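Engineer: Mind looking over this structure? Questions follow.
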2 protein chains.
Amino acid sequence: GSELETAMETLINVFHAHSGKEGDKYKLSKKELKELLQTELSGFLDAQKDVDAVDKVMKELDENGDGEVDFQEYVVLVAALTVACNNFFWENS
Amino acid sequence: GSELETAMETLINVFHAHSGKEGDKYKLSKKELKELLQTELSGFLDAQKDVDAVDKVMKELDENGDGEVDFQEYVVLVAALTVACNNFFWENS
């Protein structure tokens, strides 16, 4: 009944919606996540303030898109947007 | 927006509620996260089916509890519960 557990349910909702493109549904290729993220969210991409983080992650995904990841890696990929937006106060702002 | 983005807000609600024990507002020690997780959720702990994962992670956290982590690490620590529940079909269920 916690709010924090409902969190992963929402990622599952979009994750498993497009899962199976890799061959397994408990998995997804990195490229697919980049596509579904922009199709659903289209907001946090403008909320990224750590340009160095996102630059290195966007290019990472561009080289590694044909590889494979899972829900756990997917949740880290969305959390990369959180640190770029909120953790950004790690420096004078 | 997407429900996938509201997700991180819930982790922030419990994370940042306890944050600052470890010197900064975006930082917390591993021990705090283990404590708040079991106190706020008390449900998904049963949902974990991967004994091999939970055994390694709970003892990792026991020895490394006095070390330090951030929001992004908190997110992957909650996803550890998810994979133990849902990725569990990697084997005969």
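Residue names in the structure tokens use chain letters A, B, ... in the order shown, residue numbers from 1 in each chain, and ligand numbers from 1 in the order shown.
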Using only C-alpha atoms, select each residue of chain A with any atom at most 12 Å away from an atom of chain B, and give the selection as a PyMOL selection string.
Structural biologist: chain A and resi 1-16+24-27+36-45+47+70-91
Engineer: Give me the residues near region 28-33 of chain B as a PyMOL selection string, where near means some atom within 7 Å (using only C-alpha atoms) and where sequence neighbours in that chain fewer than 2 positions away do not count.
Structural biologist: chain B and resi 19-22+26+35-37+61+64-70+74
Engineer: Name the residues of region 26-62 of chain A that come out as alpha helix (DSSP H) in a backbone DSSP run; write them as a VMD selection string.
Structural biologist: chain A and resid 30 to 40 51 to 62
Engineer: Least-squares superpose chain B on chain A across all ordered C-alpha pairs, then write out what you get as an mmCIF file with N, CA, C and O atoms, in the first residue's frame.
Structural biologist:
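Result file is out_15.cif:
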```cif
data_model
loop_
_atom_site.group_PDB
_atom_site.id
_atom_site.type_symbol
_atom_site.label_atom_id
_atom_site.label_comp_id
_atom_site.auth_asym_id
_atom_site.auth_seq_id
_atom_site.Cartn_x
_atom_site.Cartn_y
_atom_site.Cartn_z
ATOM 1 N N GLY B 1 -0.594 -0.390 0.563
ATOM 2 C CA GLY B 1 0.806 -0.434 0.183
ATOM 3 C C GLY B 1 1.405 0.939 0.167
ATOM 4 O O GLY B 1 0.726 1.878 0.564
ATOM 5 N N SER B 2 2.639 1.070 -0.291
ATOM 6 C CA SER B 2 3.293 2.375 -0.383
ATOM 7 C C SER B 2 3.221 2.831 -1.820
ATOM 8 O O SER B 2 3.289 2.013 -2.721
ATOM 9 N N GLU B 3 3.162 4.132 -2.041
ATOM 10 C CA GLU B 3 3.163 4.664 -3.398
ATOM 11 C C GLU B 3 4.473 4.310 -4.107
ATOM 12 O O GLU B 3 4.523 4.203 -5.329
ATOM 13 N N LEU B 4 5.522 4.074 -3.324
ATOM 14 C CA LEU B 4 6.829 3.704 -3.867
ATOM 15 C C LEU B 4 6.767 2.372 -4.630
ATOM 16 O O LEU B 4 7.542 2.148 -5.556
ATOM 17 N N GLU B 5 5.857 1.486 -4.246
ATOM 18 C CA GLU B 5 5.731 0.196 -4.939
ATOM 19 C C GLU B 5 4.900 0.304 -6.219
ATOM 20 O O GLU B 5 5.151 -0.407 -7.182
ATOM 21 N N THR B 6 3.945 1.225 -6.247
ATOM 22 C CA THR B 6 3.116 1.442 -7.432
ATOM 23 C C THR B 6 3.992 1.965 -8.557
ATOM 24 O O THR B 6 3.657 1.889 -9.732
ATOM 25 N N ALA B 7 5.117 2.533 -8.164
ATOM 26 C CA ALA B 7 6.051 3.140 -9.101
ATOM 27 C C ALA B 7 6.484 2.170 -10.194
ATOM 28 O O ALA B 7 6.336 2.461 -11.373
ATOM 29 N N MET B 8 7.028 1.027 -9.808
ATOM 30 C CA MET B 8 7.521 0.058 -10.790
ATOM 31 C C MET B 8 6.425 -0.444 -11.722
ATOM 32 O O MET B 8 6.704 -0.775 -12.866
ATOM 33 N N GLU B 9 5.184 -0.431 -11.265
ATOM 34 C CA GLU B 9 4.056 -0.893 -12.077
ATOM 35 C C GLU B 9 3.888 -0.015 -13.310
ATOM 36 O O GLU B 9 3.530 -0.490 -14.385
ATOM 37 N N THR B 10 4.180 1.269 -13.172
ATOM 38 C CA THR B 10 4.021 2.190 -14.294
ATOM 39 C C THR B 10 5.100 1.973 -15.342
ATOM 40 O O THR B 10 4.836 2.028 -16.546
ATOM 41 N N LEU B 11 6.320 1.689 -14.901
ATOM 42 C CA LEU B 11 7.387 1.384 -15.824
ATOM 43 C C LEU B 11 7.040 0.090 -16.523
ATOM 44 O O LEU B 11 7.270 -0.031 -17.703
ATOM 45 N N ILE B 12 6.454 -0.859 -15.807
ATOM 46 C CA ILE B 12 6.062 -2.138 -16.412
ATOM 47 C C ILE B 12 5.020 -1.883 -17.493
ATOM 48 O O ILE B 12 5.084 -2.489 -18.557
ATOM 49 N N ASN B 13 4.092 -0.972 -17.238
ATOM 50 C CA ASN B 13 3.024 -0.675 -18.188
ATOM 51 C C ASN B 13 3.593 -0.311 -19.561
ATOM 52 O O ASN B 13 3.190 -0.880 -20.560
ATOM 53 N N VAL B 14 4.584 0.568 -19.605
ATOM 54 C CA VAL B 14 5.175 0.970 -20.887
ATOM 55 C C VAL B 14 6.253 -0.024 -21.355
ATOM 56 O O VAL B 14 6.449 -0.233 -22.552
ATOM 57 N N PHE B 15 6.952 -0.643 -20.412
ATOM 58 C CA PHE B 15 8.049 -1.559 -20.725
ATOM 59 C C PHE B 15 7.521 -2.787 -21.408
ATOM 60 O O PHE B 15 7.879 -3.117 -22.535
ATOM 61 N N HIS B 16 6.647 -3.457 -20.692
ATOM 62 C CA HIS B 16 6.058 -4.712 -21.124
ATOM 63 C C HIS B 16 5.131 -4.495 -22.312
ATOM 64 O O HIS B 16 4.849 -5.432 -23.054
ATOM 65 N N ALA B 17 4.697 -3.256 -22.535
ATOM 66 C CA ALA B 17 3.851 -2.966 -23.690
ATOM 67 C C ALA B 17 4.672 -3.138 -24.965
ATOM 68 O O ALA B 17 4.166 -3.578 -25.996
ATOM 69 N N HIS B 18 5.947 -2.795 -24.879
ATOM 70 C CA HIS B 18 6.853 -2.919 -26.017
ATOM 71 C C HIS B 18 7.692 -4.196 -25.959
ATOM 72 O O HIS B 18 8.381 -4.513 -26.914
ATOM 73 N N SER B 19 7.701 -4.879 -24.826
ATOM 74 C CA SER B 19 8.616 -6.008 -24.622
ATOM 75 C C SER B 19 8.389 -7.206 -25.516
ATOM 76 O O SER B 19 7.296 -7.440 -26.021
ATOM 77 N N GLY B 20 9.457 -7.971 -25.693
ATOM 78 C CA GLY B 20 9.398 -9.177 -26.510
ATOM 79 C C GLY B 20 10.095 -9.002 -27.839
ATOM 80 O O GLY B 20 10.318 -9.967 -28.565
ATOM 81 N N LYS B 21 10.494 -7.772 -28.141
ATOM 82 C CA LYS B 21 11.263 -7.485 -29.364
ATOM 83 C C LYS B 21 12.587 -8.221 -29.284
ATOM 84 O O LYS B 21 13.138 -8.626 -30.294
ATOM 85 N N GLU B 22 13.075 -8.389 -28.064
ATOM 86 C CA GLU B 22 14.367 -9.011 -27.824
ATOM 87 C C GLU B 22 14.317 -10.417 -27.260
ATOM 88 O O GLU B 22 15.054 -10.837 -26.367
ATOM 89 N N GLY B 23 13.406 -11.149 -27.811
ATOM 90 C CA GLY B 23 13.381 -12.575 -27.574
ATOM 91 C C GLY B 23 12.607 -13.038 -26.351
ATOM 92 O O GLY B 23 12.035 -14.125 -26.366
ATOM 93 N N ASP B 24 12.564 -12.218 -25.312
ATOM 94 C CA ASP B 24 11.856 -12.565 -24.076
ATOM 95 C C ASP B 24 10.995 -11.404 -23.572
ATOM 96 O O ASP B 24 11.207 -10.252 -23.932
ATOM 97 N N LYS B 25 10.010 -11.734 -22.751
ATOM 98 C CA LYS B 25 9.017 -10.780 -22.243
ATOM 99 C C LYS B 25 9.581 -9.792 -21.218
ATOM 100 O O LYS B 25 9.002 -8.740 -21.002
ATOM 101 N N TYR B 26 10.700 -10.127 -20.601
ATOM 102 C CA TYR B 26 11.343 -9.249 -19.622
ATOM 103 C C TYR B 26 12.556 -8.564 -20.200
ATOM 104 O O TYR B 26 13.342 -7.951 -19.481
ATOM 105 N N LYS B 27 12.730 -8.719 -21.499
ATOM 106 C CA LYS B 27 13.929 -8.249 -22.177
ATOM 107 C C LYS B 27 13.566 -7.400 -23.357
ATOM 108 O O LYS B 27 12.548 -7.609 -24.028
ATOM 109 N N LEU B 28 14.419 -6.437 -23.606
ATOM 110 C CA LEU B 28 14.224 -5.504 -24.685
ATOM 111 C C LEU B 28 15.586 -4.993 -25.060
ATOM 112 O O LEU B 28 16.488 -5.033 -24.248
ATOM 113 N N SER B 29 15.750 -4.504 -26.269
ATOM 114 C CA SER B 29 17.017 -3.918 -26.644
ATOM 115 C C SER B 29 17.041 -2.464 -26.210
ATOM 116 O O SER B 29 15.987 -1.838 -26.037
ATOM 117 N N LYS B 30 18.239 -1.916 -26.042
ATOM 118 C CA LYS B 30 18.400 -0.537 -25.576
ATOM 119 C C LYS B 30 17.651 0.444 -26.478
ATOM 120 O O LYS B 30 16.968 1.345 -25.986
ATOM 121 N N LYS B 31 17.727 0.235 -27.786
ATOM 122 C CA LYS B 31 17.047 1.100 -28.763
ATOM 123 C C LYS B 31 15.543 1.250 -28.519
ATOM 124 O O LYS B 31 15.006 2.339 -28.677
ATOM 125 N N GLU B 32 14.867 0.181 -28.117
ATOM 126 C CA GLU B 32 13.419 0.239 -27.920
ATOM 127 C C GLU B 32 13.096 1.161 -26.760
ATOM 128 O O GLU B 32 12.139 1.925 -26.799
ATOM 129 N N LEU B 33 13.899 1.078 -25.711
ATOM 130 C CA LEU B 33 13.645 1.863 -24.513
ATOM 131 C C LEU B 33 13.829 3.342 -24.796
ATOM 132 O O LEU B 33 13.057 4.162 -24.327
ATOM 133 N N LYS B 34 14.820 3.682 -25.604
ATOM 134 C CA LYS B 34 15.045 5.083 -25.981
ATOM 135 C C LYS B 34 13.873 5.602 -26.799
ATOM 136 O O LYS B 34 13.526 6.781 -26.717
ATOM 137 N N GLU B 35 13.273 4.732 -27.594
ATOM 138 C CA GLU B 35 12.187 5.132 -28.479
ATOM 139 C C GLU B 35 10.898 5.294 -27.696
ATOM 140 O O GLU B 35 10.210 6.305 -27.817
ATOM 141 N N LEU B 36 10.568 4.317 -26.865
ATOM 142 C CA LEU B 36 9.331 4.393 -26.108
ATOM 143 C C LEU B 36 9.407 5.527 -25.094
ATOM 144 O O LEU B 36 8.434 6.213 -24.873
ATOM 145 N N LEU B 37 10.576 5.777 -24.523
ATOM 146 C CA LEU B 37 10.697 6.820 -23.521
ATOM 147 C C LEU B 37 10.336 8.176 -24.105
ATOM 148 O O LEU B 37 9.618 8.954 -23.486
ATOM 149 N N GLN B 38 10.828 8.481 -25.294
ATOM 150 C CA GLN B 38 10.599 9.802 -25.852
ATOM 151 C C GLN B 38 9.183 9.925 -26.400
ATOM 152 O O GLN B 38 8.672 11.031 -26.532
ATOM 153 N N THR B 39 8.565 8.793 -26.719
ATOM 154 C CA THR B 39 7.220 8.779 -27.290
ATOM 155 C C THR B 39 6.122 8.776 -26.216
ATOM 156 O O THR B 39 5.041 9.304 -26.441
ATOM 157 N N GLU B 40 6.399 8.198 -25.051
ATOM 158 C CA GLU B 40 5.392 8.115 -23.984
ATOM 159 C C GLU B 40 5.490 9.323 -23.050
ATOM 160 O O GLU B 40 4.484 9.798 -22.548
ATOM 161 N N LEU B 41 6.709 9.789 -22.793
ATOM 162 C CA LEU B 41 6.927 10.880 -21.834
ATOM 163 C C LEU B 41 6.889 12.270 -22.472
ATOM 164 O O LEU B 41 6.082 13.108 -22.093
ATOM 165 N N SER B 42 7.817 12.523 -23.387
ATOM 166 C CA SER B 42 7.970 13.839 -24.038
ATOM 167 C C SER B 42 7.916 15.070 -23.094
ATOM 168 O O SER B 42 7.432 16.123 -23.487
ATOM 169 N N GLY B 43 8.434 14.943 -21.871
ATOM 170 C CA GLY B 43 8.392 16.040 -20.908
ATOM 171 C C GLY B 43 9.681 16.191 -20.123
ATOM 172 O O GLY B 43 10.283 17.256 -20.051
ATOM 173 N N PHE B 44 10.139 15.088 -19.558
ATOM 174 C CA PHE B 44 11.327 15.079 -18.705
ATOM 175 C C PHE B 44 12.601 15.260 -19.466
ATOM 176 O O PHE B 44 13.642 15.527 -18.900
ATOM 177 N N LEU B 45 12.498 15.130 -20.769
ATOM 178 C CA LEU B 45 13.619 15.354 -21.658
ATOM 179 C C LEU B 45 14.057 16.817 -21.529
ATOM 180 O O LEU B 45 15.226 17.133 -21.721
ATOM 181 N N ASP B 46 13.128 17.683 -21.139
ATOM 182 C CA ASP B 46 13.447 19.115 -20.953
ATOM 183 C C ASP B 46 13.935 19.345 -19.535
ATOM 184 O O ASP B 46 14.683 20.269 -19.225
ATOM 185 N N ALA B 47 13.497 18.456 -18.666
ATOM 186 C CA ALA B 47 13.810 18.540 -17.250
ATOM 187 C C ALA B 47 15.255 18.144 -16.948
ATOM 188 O O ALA B 47 15.765 18.418 -15.871
ATOM 189 N N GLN B 48 15.914 17.533 -17.912
ATOM 190 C CA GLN B 48 17.318 17.146 -17.763
ATOM 191 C C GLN B 48 18.191 18.396 -17.788
ATOM 192 O O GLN B 48 18.170 19.143 -18.760
ATOM 193 N N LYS B 49 18.966 18.627 -16.734
ATOM 194 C CA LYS B 49 19.825 19.813 -16.664
ATOM 195 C C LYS B 49 21.303 19.447 -16.781
ATOM 196 O O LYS B 49 22.129 20.284 -17.132
ATOM 197 N N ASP B 50 21.632 18.192 -16.508
ATOM 198 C CA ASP B 50 23.015 17.727 -16.598
ATOM 199 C C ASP B 50 23.420 17.391 -18.035
ATOM 200 O O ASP B 50 23.210 16.274 -18.512
ATOM 201 N N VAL B 51 24.027 18.358 -18.702
ATOM 202 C CA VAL B 51 24.515 18.183 -20.073
ATOM 203 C C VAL B 51 25.589 17.096 -20.152
ATOM 204 O O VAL B 51 25.644 16.342 -21.120
ATOM 205 N N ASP B 52 26.433 16.995 -19.137
ATOM 206 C CA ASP B 52 27.529 16.032 -19.168
ATOM 207 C C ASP B 52 27.001 14.603 -19.101
ATOM 208 O O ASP B 52 27.545 13.687 -19.720
ATOM 209 N N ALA B 53 25.902 14.417 -18.391
ATOM 210 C CA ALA B 53 25.286 13.101 -18.278
ATOM 211 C C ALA B 53 24.573 12.742 -19.571
ATOM 212 O O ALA B 53 24.793 11.674 -20.138
ATOM 213 N N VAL B 54 23.695 13.623 -20.028
ATOM 214 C CA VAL B 54 22.868 13.317 -21.194
ATOM 215 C C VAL B 54 23.709 13.110 -22.428
ATOM 216 O O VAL B 54 23.404 12.251 -23.243
ATOM 217 N N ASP B 55 24.795 13.855 -22.557
ATOM 218 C CA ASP B 55 25.651 13.712 -23.715
ATOM 219 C C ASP B 55 26.221 12.314 -23.772
ATOM 220 O O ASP B 55 26.212 11.689 -24.818
ATOM 221 N N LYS B 56 26.687 11.817 -22.634
ATOM 222 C CA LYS B 56 27.352 10.513 -22.576
ATOM 223 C C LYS B 56 26.388 9.358 -22.740
ATOM 224 O O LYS B 56 26.724 8.342 -23.321
ATOM 225 N N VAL B 57 25.200 9.523 -22.200
ATOM 226 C CA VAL B 57 24.189 8.464 -22.176
ATOM 227 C C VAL B 57 23.468 8.381 -23.511
ATOM 228 O O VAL B 57 23.215 7.297 -24.010
ATOM 229 N N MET B 58 23.160 9.507 -24.133
ATOM 230 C CA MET B 58 22.453 9.453 -25.410
ATOM 231 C C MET B 58 23.327 8.840 -26.484
ATOM 232 O O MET B 58 22.831 8.082 -27.314
ATOM 233 N N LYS B 59 24.625 9.120 -26.449
ATOM 234 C CA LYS B 59 25.534 8.497 -27.409
ATOM 235 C C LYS B 59 25.844 7.063 -27.021
ATOM 236 O O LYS B 59 26.140 6.253 -27.879
ATOM 237 N N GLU B 60 25.751 6.740 -25.739
ATOM 238 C CA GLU B 60 25.992 5.365 -25.301
ATOM 239 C C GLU B 60 24.885 4.549 -25.916
ATOM 240 O O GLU B 60 25.125 3.550 -26.571
ATOM 241 N N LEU B 61 23.670 5.037 -25.759
ATOM 242 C CA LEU B 61 22.500 4.369 -26.281
ATOM 243 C C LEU B 61 22.499 4.325 -27.810
ATOM 244 O O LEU B 61 21.964 3.407 -28.401
ATOM 245 N N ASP B 62 23.105 5.302 -28.461
ATOM 246 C CA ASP B 62 23.149 5.289 -29.923
ATOM 247 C C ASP B 62 24.023 4.152 -30.437
ATOM 248 O O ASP B 62 23.685 3.512 -31.428
ATOM 249 N N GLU B 63 25.135 3.883 -29.770
ATOM 250 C CA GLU B 63 26.044 2.834 -30.222
ATOM 251 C C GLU B 63 25.649 1.474 -29.667
ATOM 252 O O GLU B 63 25.951 0.438 -30.251
ATOM 253 N N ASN B 64 24.989 1.479 -28.519
ATOM 254 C CA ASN B 64 24.666 0.236 -27.814
ATOM 255 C C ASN B 64 23.193 -0.126 -27.929
ATOM 256 O O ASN B 64 22.720 -1.054 -27.289
ATOM 257 N N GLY B 65 22.474 0.609 -28.761
ATOM 258 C CA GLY B 65 21.053 0.395 -28.950
ATOM 259 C C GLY B 65 20.716 -0.999 -29.421
ATOM 260 O O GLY B 65 19.653 -1.524 -29.105
ATOM 261 N N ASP B 66 21.636 -1.606 -30.155
ATOM 262 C CA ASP B 66 21.438 -2.949 -30.691
ATOM 263 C C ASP B 66 21.793 -4.035 -29.674
ATOM 264 O O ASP B 66 21.702 -5.217 -29.978
ATOM 265 N N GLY B 67 22.164 -3.636 -28.463
ATOM 266 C CA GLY B 67 22.409 -4.573 -27.406
ATOM 267 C C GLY B 67 21.142 -4.688 -26.614
ATOM 268 O O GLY B 67 20.110 -4.110 -26.931
ATOM 269 N N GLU B 68 21.247 -5.468 -25.568
ATOM 270 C CA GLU B 68 20.094 -5.945 -24.818
ATOM 271 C C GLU B 68 20.108 -5.541 -23.353
ATOM 272 O O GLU B 68 21.165 -5.430 -22.727
ATOM 273 N N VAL B 69 18.914 -5.300 -22.837
ATOM 274 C CA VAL B 69 18.697 -4.871 -21.452
ATOM 275 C C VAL B 69 17.389 -5.456 -20.897
ATOM 276 O O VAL B 69 16.684 -6.193 -21.597
ATOM 277 N N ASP B 70 17.086 -5.168 -19.639
ATOM 278 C CA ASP B 70 15.914 -5.731 -18.961
ATOM 279 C C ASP B 70 15.140 -4.629 -18.229
ATOM 280 O O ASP B 70 15.484 -3.454 -18.334
ATOM 281 N N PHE B 71 14.118 -5.004 -17.467
ATOM 282 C CA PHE B 71 13.346 -4.028 -16.693
ATOM 283 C C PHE B 71 14.205 -3.239 -15.708
ATOM 284 O O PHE B 71 14.006 -2.043 -15.540
ATOM 285 N N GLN B 72 15.138 -3.896 -15.040
ATOM 286 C CA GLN B 72 15.963 -3.225 -14.036
ATOM 287 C C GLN B 72 16.805 -2.143 -14.711
ATOM 288 O O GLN B 72 16.949 -1.034 -14.198
ATOM 289 N N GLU B 73 17.298 -2.445 -15.902
ATOM 290 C CA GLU B 73 18.047 -1.459 -16.679
ATOM 291 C C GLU B 73 17.126 -0.354 -17.188
ATOM 292 O O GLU B 73 17.540 0.786 -17.334
ATOM 293 N N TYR B 74 15.863 -0.663 -17.429
ATOM 294 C CA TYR B 74 14.943 0.371 -17.888
ATOM 295 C C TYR B 74 14.728 1.380 -16.769
ATOM 296 O O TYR B 74 14.741 2.583 -16.980
ATOM 297 N N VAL B 75 14.575 0.875 -15.562
ATOM 298 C CA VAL B 75 14.391 1.713 -14.385
ATOM 299 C C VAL B 75 15.572 2.670 -14.168
ATOM 300 O O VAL B 75 15.378 3.842 -13.839
ATOM 301 N N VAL B 76 16.798 2.215 -14.372
ATOM 302 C CA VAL B 76 17.943 3.092 -14.129
ATOM 303 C C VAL B 76 18.088 4.099 -15.263
ATOM 304 O O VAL B 76 18.542 5.226 -15.062
ATOM 305 N N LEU B 77 17.606 3.725 -16.441
ATOM 306 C CA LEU B 77 17.625 4.612 -17.588
ATOM 307 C C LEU B 77 16.638 5.749 -17.390
ATOM 308 O O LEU B 77 16.859 6.850 -17.895
ATOM 309 N N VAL B 78 15.575 5.529 -16.621
ATOM 310 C CA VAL B 78 14.633 6.637 -16.384
ATOM 311 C C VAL B 78 15.157 7.488 -15.235
ATOM 312 O O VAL B 78 14.971 8.696 -15.210
ATOM 313 N N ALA B 79 15.884 6.873 -14.315
ATOM 314 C CA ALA B 79 16.465 7.603 -13.199
ATOM 315 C C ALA B 79 17.607 8.512 -13.653
ATOM 316 O O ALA B 79 17.936 9.487 -12.984
ATOM 317 N N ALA B 80 18.177 8.216 -14.813
ATOM 318 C CA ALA B 80 19.179 9.087 -15.418
ATOM 319 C C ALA B 80 18.577 10.478 -15.654
ATOM 320 O O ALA B 80 19.255 11.498 -15.534
ATOM 321 N N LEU B 81 17.286 10.515 -15.959
ATOM 322 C CA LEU B 81 16.594 11.774 -16.198
ATOM 323 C C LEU B 81 16.395 12.498 -14.871
ATOM 324 O O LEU B 81 16.499 13.723 -14.787
ATOM 325 N N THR B 82 16.119 11.728 -13.825
ATOM 326 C CA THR B 82 15.869 12.285 -12.501
ATOM 327 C C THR B 82 17.105 12.932 -11.917
ATOM 328 O O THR B 82 17.037 14.041 -11.396
ATOM 329 N N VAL B 83 18.243 12.261 -12.003
ATOM 330 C CA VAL B 83 19.465 12.816 -11.431
ATOM 331 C C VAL B 83 19.883 14.054 -12.214
ATOM 332 O O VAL B 83 20.342 15.033 -11.636
ATOM 333 N N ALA B 84 19.639 14.068 -13.512
ATOM 334 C CA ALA B 84 20.006 15.212 -14.315
ATOM 335 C C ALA B 84 19.153 16.426 -13.935
ATOM 336 O O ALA B 84 19.547 17.550 -14.178
ATOM 337 N N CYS B 85 17.981 16.188 -13.364
ATOM 338 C CA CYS B 85 17.069 17.259 -12.963
ATOM 339 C C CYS B 85 17.254 17.713 -11.506
ATOM 340 O O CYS B 85 17.251 18.900 -11.200
ATOM 341 N N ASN B 86 17.352 16.740 -10.613
ATOM 342 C CA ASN B 86 17.322 16.980 -9.157
ATOM 343 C C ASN B 86 18.690 16.967 -8.467
ATOM 344 O O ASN B 86 18.920 17.707 -7.520
ATOM 345 N N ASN B 87 19.604 16.138 -8.942
ATOM 346 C CA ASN B 87 20.963 16.100 -8.392
ATOM 347 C C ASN B 87 21.742 17.290 -8.886
ATOM 348 O O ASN B 87 22.742 17.637 -8.301
ATOM 349 N N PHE B 88 21.225 17.923 -9.934
ATOM 350 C CA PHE B 88 21.746 19.168 -10.526
ATOM 351 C C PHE B 88 22.227 20.264 -9.541
ATOM 352 O O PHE B 88 22.996 21.149 -9.911
ATOM 353 N N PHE B 89 21.832 20.181 -8.280
ATOM 354 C CA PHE B 89 22.251 21.162 -7.283
ATOM 355 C C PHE B 89 23.598 20.798 -6.652
ATOM 356 O O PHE B 89 24.021 21.405 -5.671
ATOM 357 N N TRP B 90 24.271 19.816 -7.238
ATOM 358 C CA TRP B 90 25.624 19.434 -6.845
ATOM 359 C C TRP B 90 26.599 20.573 -7.143
ATOM 360 O O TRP B 90 27.725 20.592 -6.656
ATOM 361 N N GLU B 91 26.151 21.494 -7.979
ATOM 362 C CA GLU B 91 26.950 22.601 -8.450
ATOM 363 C C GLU B 91 26.158 23.885 -8.317
ATOM 364 O O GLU B 91 24.968 23.859 -7.988
ATOM 365 N N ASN B 92 26.792 25.004 -8.629
ATOM 366 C CA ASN B 92 26.086 26.275 -8.648
ATOM 367 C C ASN B 92 24.971 26.215 -9.685
ATOM 368 O O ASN B 92 25.188 25.914 -10.852
ATOM 369 N N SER B 93 23.768 26.471 -9.213
ATOM 370 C CA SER B 93 22.557 26.311 -10.018
ATOM 371 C C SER B 93 22.028 27.627 -10.587
ATOM 372 O O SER B 93 20.897 27.680 -11.080
#
```
